[PDB]
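Enquirer: What follows is my_file.tsv, made up of TSV, N, CA and C atoms:
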chain	number	residue	atom	x	y	z
A	1	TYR	N	9.14	1.36	-2.21
A	1	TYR	CA	9.43	2.50	-3.10
A	1	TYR	C	9.45	1.99	-4.54
A	2	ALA	N	9.78	2.86	-5.51
A	2	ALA	CA	9.83	2.54	-6.93
A	2	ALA	C	8.48	2.03	-7.41
A	3	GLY	N	8.34	0.72	-7.66
A	3	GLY	CA	7.05	0.14	-7.99
A	3	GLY	C	6.11	0.25	-6.79
A	4	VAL	N	6.59	-0.16	-5.61
A	4	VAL	CA	5.82	-0.14	-4.38
A	4	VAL	C	5.92	1.28	-3.82
A	5	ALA	N	5.37	2.26	-4.54
A	5	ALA	CA	5.38	3.68	-4.20
A	5	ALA	C	3.95	4.21	-4.14
A	6	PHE	N	3.80	5.54	-4.03
A	6	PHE	CA	2.55	6.27	-3.79
A	6	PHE	C	1.30	5.62	-4.38
A	7	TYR	N	1.39	5.15	-5.63
A	7	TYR	CA	0.34	4.42	-6.33
A	7	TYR	C	-0.39	3.42	-5.41
A	8	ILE	N	0.36	2.60	-4.68
A	8	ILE	CA	-0.18	1.56	-3.82
A	8	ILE	C	-0.59	2.16	-2.46
A	9	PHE	N	-0.60	1.36	-1.40
A	9	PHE	CA	-0.92	1.79	-0.04
A	9	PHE	C	-2.35	2.33	0.08
A	10	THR	N	-3.18	2.22	-0.96
A	10	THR	CA	-4.34	3.08	-1.20
A	10	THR	C	-4.08	4.51	-0.72
A	11	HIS	N	-2.88	5.03	-1.01
A	11	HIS	CA	-2.42	6.36	-0.65
A	11	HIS	C	-2.51	6.69	0.86
A	12	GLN	N	-2.64	5.69	1.75
A	12	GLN	CA	-2.66	5.89	3.20
A	12	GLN	C	-1.43	5.24	3.84
A	13	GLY	N	-1.42	5.09	5.16
A	13	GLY	CA	-0.25	4.68	5.94
A	13	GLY	C	0.17	3.21	5.81
A	14	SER	N	0.03	2.62	4.62
A	14	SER	CA	0.64	1.35	4.27
A	14	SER	C	0.07	0.18	5.08
A	15	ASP	N	-1.23	0.21	5.40
A	15	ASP	CA	-1.85	-0.79	6.27
A	15	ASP	C	-3.36	-0.94	6.02
A	16	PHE	N	-4.15	0.06	6.41
A	16	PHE	CA	-5.60	0.01	6.49
A	16	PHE	C	-6.18	0.79	5.31
A	17	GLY	N	-6.26	0.13	4.16
A	17	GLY	CA	-6.54	0.79	2.90
A	17	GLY	C	-6.25	-0.14	1.73
A	18	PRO	N	-5.00	-0.63	1.58
A	18	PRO	CA	-4.63	-1.57	0.53
A	18	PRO	C	-5.09	-2.98	0.91
A	19	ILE	N	-6.39	-3.14	1.20
A	19	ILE	CA	-7.03	-4.34	1.71
A	19	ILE	C	-6.54	-4.73	3.11
A	20	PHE	N	-5.24	-4.98	3.29
A	20	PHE	CA	-4.62	-5.40	4.53
A	20	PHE	C	-3.10	-5.29	4.36
A	21	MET	N	-2.35	-5.35	5.46
A	21	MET	CA	-0.90	-5.24	5.49
A	21	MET	C	-0.19	-6.48	4.91
A	22	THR	N	-0.40	-6.73	3.62
A	22	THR	CA	0.41	-7.61	2.79
A	22	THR	C	0.68	-6.92	1.45
A	23	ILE	N	-0.38	-6.52	0.73
A	23	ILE	CA	-0.30	-5.74	-0.50
A	23	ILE	C	0.69	-4.56	-0.44
A	24	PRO	N	0.70	-3.71	0.61
A	24	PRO	CA	1.63	-2.59	0.68
A	24	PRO	C	3.10	-3.03	0.79
A	25	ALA	N	3.37	-4.25	1.28
A	25	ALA	CA	4.71	-4.82	1.19
A	25	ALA	C	4.94	-5.30	-0.24
A	26	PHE	N	3.96	-6.05	-0.76
A	26	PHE	CA	3.94	-6.59	-2.11
A	26	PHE	C	4.93	-7.76	-2.21
Here is the file; what I need is its structure written in the form of structure tokens.

Expert:
Amino acid sequence: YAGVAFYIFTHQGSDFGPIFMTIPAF
């Protein structure tokens, strides 16, 4: 949330979009 909010995740389910499931954790 906050910084790690809607902007990231490539706006999808926090996995398959933001390259891979590391970036969406940040």

Enquirer: Need the shell around range 10-12 of chain A: protein/DNA/RNA residues with any atom at most 8 Å away, counting all atoms listed in the file. Skip same-chain ones fewer than 6 positions apart. Format as a list in words?

Expert: residues 18, 19, 23 and 24 of chain A

Enquirer: Might you pull out every residue within 12 Å of residue 3 in chain A, with only C-alpha atoms counted and same-chain residues fewer than 2 positions away left off, and present them as a ChimeraX atom specification?

Expert: /A:1,5-9,24-26

Enquirer: How many Å separate atom C of residue 16 in chain A from atom N of residue 2 in chain A?

Expert: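 Pair atom C of residue 16 in chain A / atom N of residue 2 in chain A returns 19.4 Å.
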
Enquirer: Rounded to one decimal in Å, what is the spacing between atom N of residue 22 in chain A and atom N of residue 4 in chain A?

Expert: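 Going from atom N of residue 22 in chain A over to atom N of residue 4 in chain A covers 13.3 Å.
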